[PDB]
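The form deposited in one PDB entry is given below as one chain in structure tokens.
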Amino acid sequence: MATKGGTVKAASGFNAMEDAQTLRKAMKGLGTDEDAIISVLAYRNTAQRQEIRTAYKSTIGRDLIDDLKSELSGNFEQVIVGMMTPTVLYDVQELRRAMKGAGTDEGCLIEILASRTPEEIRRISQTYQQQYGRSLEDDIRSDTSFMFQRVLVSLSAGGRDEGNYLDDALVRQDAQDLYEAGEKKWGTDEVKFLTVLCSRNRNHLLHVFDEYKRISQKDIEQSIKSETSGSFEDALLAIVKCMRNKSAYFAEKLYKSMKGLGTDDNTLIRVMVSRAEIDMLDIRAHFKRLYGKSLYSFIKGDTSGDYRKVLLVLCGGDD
């Protein structure tokens, strides 16, 4: 009830070798058995899917992920491969993809860097270096600029204060500083905003937000919107939403990824996959609260085929 949890749980009586043979069997003939692949992979958690990769490489003597890529395509392949990717590496590969090539997927960078915990970020930074031979900070600096770059670099350090300690004097001054640096200033001391928003512990910031409303008669979101713009504004706003309620933040991302013509499949897939074993239950609750419709109704109405089948398993039910 409290921290609801994920929608993908460990399968009972798990046998990695058996599941591996099922997948091998499913990809052996003229025409792939997609439902068989789903029946196994969507119903095993990330840890179990890894044991299946190992077992597959043993008995079969082949790479499970590469073979799946050879028989699958489109969005169905993208979601399956994501589900097959180890937790930290998945985020790493998403950040890399967000920056590699012309332009940058700002939404993805902001999303991962603003919603991941200090500990999840340190792991991400370490695996990014391992995977690509350059630091995450290095690539951020190469793909982004100015204050947006500045904030992303700070988030990538994973240095936010931990704990829930409330230093009242600090809360009052932070609110005052943010007020002096924005509303009462011609222009904006953007580094003060990013510094306060990136380094203070969650509880502290929630109280800073209240104190700021108290002295300025404006929500910090209203001032951020009126004081900043572009990607810097987007980053700052994401940080605030993730501080107020992370599950609600993702609910809104899901909504926005499907609302309107077509689908932002990259966002839809990344969110469903990355939060399936963490707070999908809470995301579902917040999603229906915010929009009056279940996340299930949206996924079913925006997708089809095998891709839709897998996404609905990650959703884990209607509301």
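If you superpose the two forms and keep the largest set of C-alpha atoms that fall within 1.5 Å, you have the rigid core. For every residue, the number given is its place in the sequence shown, counted from 1.
As listed in the deposited structure, the average C-alpha B-factor of 238 to 246 and of 179 to 187 is greater for 179 to 187. Of the two segments examined, 66 to 74 and 25 to 33, it is 25 to 33 that shows the higher average Cα temperature factor in the deposited entry. Ranking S142, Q130, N201, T85 by the C-alpha B-factor listed in the PDB entry places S142 at the top. Per the deposited coordinates, the residue with the largest Cα temperature factor out of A98, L197, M147, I121 is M147. Residue-level temperature factors show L312 in the middle third of its chain, judged at the C-alpha atom. Among all modelled residues in this chain, the alpha-carbon of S115 has a temperature factor (C-alpha) in the lowest third.
Per the deposited record, the Cα B-factor of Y90 falls in the lowest third when ranked against the other modelled residues of its chain.
Remark: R214 belongs to the highest third of its chain, ranked by C-alpha B-factor as recorded. Ranked by C-alpha B-factor against the other modelled residues of its chain, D282 falls in the highest third.
There is another form of the same protein, the form deposited in another entry; it is not shown, and what comes next is about it.
When the two forms are superposed on their rigid core between this form and the one not shown, the C-alpha shift of 2 Å or more among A181, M84, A98, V240 belongs solely to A181.
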